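A quick write-up on the structure given underneath.
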Amino acid sequence: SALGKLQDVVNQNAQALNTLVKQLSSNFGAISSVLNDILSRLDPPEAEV
Amino acid sequence: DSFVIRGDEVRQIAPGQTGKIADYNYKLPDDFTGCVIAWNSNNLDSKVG
Numbered sequence: 001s002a003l004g005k006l007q008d009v010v011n012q013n014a015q016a017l018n019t020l021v022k023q024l025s026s027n028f029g030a031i032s033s034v035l036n037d038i039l040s041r042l043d044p045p046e047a048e049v
Numbered sequence: 101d102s103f104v105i106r107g108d109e110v111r112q113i114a115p116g117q118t119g120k121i122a123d124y125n126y127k128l129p130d131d132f133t134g135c136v137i138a139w140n141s142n143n144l145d146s147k148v149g
């Protein structure tokens with residue numbers, strides 16, 4: 001734990017990037033988190049929503 | 101835009117509709133602004149034969 005100050009910065013940046021990646025798997029109330037599934041399953045008036 | 105249609109086809113004169121005269125006779129855009137006007141004309145546009 002001698003170099004914990006640099007490792008904290010590296011871990012915070014990597015964990016923030018991982019959280020930003022994992023936010024793509026959330027639908028945020030939509031029917032799916034994949035844009036291709038929405039564009040292939042729905043007409044554009046509801047796929048727009 | 102003036103035409104004569106059936107009574108059940110008046111729902112197809114609208115943005116974002118799936119339907120028959122919407123696809124092959126008269127299509128409205130998704131960003132359509134304006135008014136659709138419909139009234140019964142059985143006394144004028146109909147014959148007993």
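First to last, the sequence lines map onto chains A and B.
Letter by letter, the first sequence follows residues 1 to 49 of my numbering.
Letter by letter, the second sequence follows residues 101 to 149 of my numbering.
Positions of the beta carbon are idealized from the N, C-alpha and C atoms, including for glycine.
Counting every other CB atom within 10 Å of its CB across the protein chains shown gives residue 12 of chain A a total below 16, marking it as exposed. Interface flag for residue 116 of chain B against chain A is set, since a Cβ pair is found closer than 7 Å. Spatial neighbours of residue 119 of chain B in its own chain (CB-CB distance under 8 Å, excluding positions within 5 residues in sequence) are listed in chain order as 109, 111 and 112.
Ranking B:102, B:116, B:105 and B:134 by CA distance to the CA of residue 127 of chain B puts B:116 first.
Linking residue 23 of chain A to residue 38 of chain A through their CA atoms gives a straight-line distance of about 17 Å. The distance from the Cβ of residue 32 of chain A to that of residue 25 of chain A is about 10 Å, inconsistent with a contact at the 8 Å cut-off. DSSP, reduced to helix, strand and coil, places residue 117 of chain B outside both helices and strands of the structure shown, so it counts as coil.
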